[PDB]
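Breakdown of the fold
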Amino acid sequence: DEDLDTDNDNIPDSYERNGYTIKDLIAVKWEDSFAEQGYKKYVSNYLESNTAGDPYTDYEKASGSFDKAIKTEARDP
Amino acid sequence: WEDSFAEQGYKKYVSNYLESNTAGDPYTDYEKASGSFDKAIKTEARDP
Amino acid sequence: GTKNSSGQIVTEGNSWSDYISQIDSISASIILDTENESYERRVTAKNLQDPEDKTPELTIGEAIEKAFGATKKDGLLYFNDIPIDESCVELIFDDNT
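How each quantity is defined
- Residues numbered from 1 in each chain as written, not as in the entry; some residues may be left out.
- Chains lettered and ligands numbered in written order.
- Part of a larger assembly, values for the part shown.
- Heavy atoms only, no water.
- Helix = DSSP H or I, 4+ residues; strand = E, 2+ residues; numbered from the N terminus.
- Rg over C-alpha atoms; globule rule 2.2 N^0.38 Å.
- Buried < 20%, exposed > 50% of the residue type's maximum accessible area, 1.4 Å probe, protein only.
- Contact = heavy atoms within 4.5 Å.
- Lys, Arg positive; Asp, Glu negative; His and termini not counted.
- Charge placed at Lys NZ, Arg CZ, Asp CG, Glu CD.
- Salt bridge = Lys/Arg side-chain N within 4 Å of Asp/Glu carboxyl O.
- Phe/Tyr/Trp six-rings, centres within 6.5 Å; stacked < 30°, edge-to-face > 60°.
- Buried area = accessible area lost by both parts, 1.4 Å probe.
- Polar contact = N/O pair within 3.5 Å; in protein donor to acceptor, adjacent residues only side chain to side chain.
- Nonpolar A, V, L, I, M, F, W, Y, C, P; charged D, E, K, R; others polar.
- Pairing = 2+ DSSP bridges.
- Axes fitted to C-alpha atoms, helices over the stretch in contact; angles between N-to-C directions.

Its PDB record attributes the structure to cryo-EM, giving the resolution as 4.2 Å.

A few words on the overall build of chain A. Each helix and strand in chain A was counted, giving two helices and two strands. Traced from its N-terminal end to its C-terminal end, chain A shows the element sequence α-β-β-α. Taken over the C-alpha trace, chain A has a radius of gyration of 12 Å; the compact-globule value for 77 residues is 11 Å, and the two agree within 12%. Principal axes of the C-alpha set define a box for chain A whose edges measure 30 × 30 × 20 Å. Every one of the 77 residues in chain A was classed for burial, and the buried ones make up 29%. Long-range contacts, defined as pairs at least 24 residues apart, comprise 34% of the intrachain contacts of chain A with a sequence gap of at least 6. Separation between the mean location of the 9 positive side-chain charges and that of the 19 negative ones in chain A comes to 8 Å.

With that settled, the discussion passes to the pattern of salt bridges. Residue and element names in this part refer to chain A. Applying the stated rule across the entire model yields nine salt bridges over all chains. Note that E16 and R17 form a salt bridge whose closest N and O atoms lie 2.9 Å from each other. Exposure remark for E16: the relative accessible area of 31% places this residue in the partly exposed category. Exposure remark for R17: the relative accessible area of 45% places this residue in the partly exposed category.

So, about the packing of aromatic side chains. Applying the stated criterion across every chain, the model contains nine aromatic pairs over all chains. Ring geometry for A:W30 against A:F34: centres 6.3 Å apart, planes inclined by 80°, an arrangement best described as edge-to-face. For A:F34, a relative accessible area of 12% corresponds to the buried category. Arranged with centres 6.3 Å apart and planes meeting at 80°, the rings of B:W1 and B:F5 form a pair that is edge-to-face.

One non-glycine residue, A:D24, lies in the positive phi region at around 55°. Inspection of the secondary structure assignment puts A:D24 in the loop between β1 (21-23) and β2 (26-28). Its identity is not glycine, yet C:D74 carries a phi of approximately 60°, on the positive side. Relative to the helices and strands, C:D74 is located in the loop between β5 (71-73) and β6 (76-79). Note on C:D74: relative accessible area 76%, which makes it exposed.

Listed by partner, the interface residues are seven residues for chain C and six residues for chain A. Of the roughly 620 Å² buried between chain C and chain A, counting both surfaces, carbon and sulfur atoms make up 53%. Together, C:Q22, C:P51 and C:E52 form the three largest contributors to the area buried by chain C at its contact with chain A, with a combined 60%. At the boundary of chain C with chain A, the tally comes to two salt bridges. For A:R75, the salt bridge identified is with C:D50, shortest N-O distance 3.5 Å. Summed over the shared surface of chain C and chain A, the number is one residue pair in polar contact. When its residues are assigned to classes, the side of chain C that touches chain A shows two nonpolar, three polar and two charged.

Residues and elements named next belong to chain C. Note that β5 and β6 share three bridges and pair antiparallel. Paired with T71 across the strands is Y78, a residue of β6. Hairpin connection of β5 to β6: two residues between the antiparallel strands, including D74 at a positive phi of 60°. As paired strands, β6 and strand β7 (residues 82-84) are joined by three bridges and run antiparallel to one another.

Residue and element names in this part refer to chain C. Taken together, three strands build an open sheet; the order of strands is β5-β6-β7 and the sheet is antiparallel. With one partner strand each, in any of the chains shown, β5 and β7 form the two edges of the open sheet. For this sheet, the mean angle separating the axes of adjacent strands, direction not counted, is 45°.

Relative to the helices and strands, A:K61 resides in helix α2 (residues 58-62). In this structure, A:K61 is in contact with A:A52, A:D54, A:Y56, A:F66, A:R75 and A:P77, ignoring residues within four places of it in sequence.

Pairing analysis gives seven bridges linking strand β3 (residues 27-33) of chain C to strand β4 (residues 38-44) of chain C, with the strands arranged antiparallel. Bridge pairing links C:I31 to C:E40 in β4(C).

Right under this line is the structure:
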């Protein structure tokens, strides 16, 4: 179930469908018992990598290990 | 180090194992003992 | 300065400027002022907002113990046989802190 054409390192179904969550540096399906945990939901694209035109791509931007001076509301893609 | 080496003219050197550049020189230990590294170095700077 | 595999170090193109801002996004700034000297350190913190991060955290007494090389002597803290307690010094906060 990994038919992502662009090689942006994620579930293409979780790209197109309901969402996902970066957790433990890995891509898990969005459970609806995650808001009380403090996690959020992100929605992205599969047909291209840099879905916001940032110089950082999707897996670089969700898992915040890319620049620690970035304000945290700029973490969702 | 044999103790019959002083009369031969050789000396004894003592060094370190947990790091390489044991004096902070730009030359390391095997480069500094066997003097094949810079021939303008004064010979008392050969021991590490 | 940074040493490569070649055994020497190289200091070229390694700016300290693009390591400024990152540190000042994550750290708390603690300064000490004695009678002749002064020391400014940055100690790393732990965000409580987002739950994915795992940074080990401590308290301000343990922070001053860890930042400076501070010896715990009999409950007190000592820095070069100078006592630093919660009562034997003078603390200064800015208004937000």
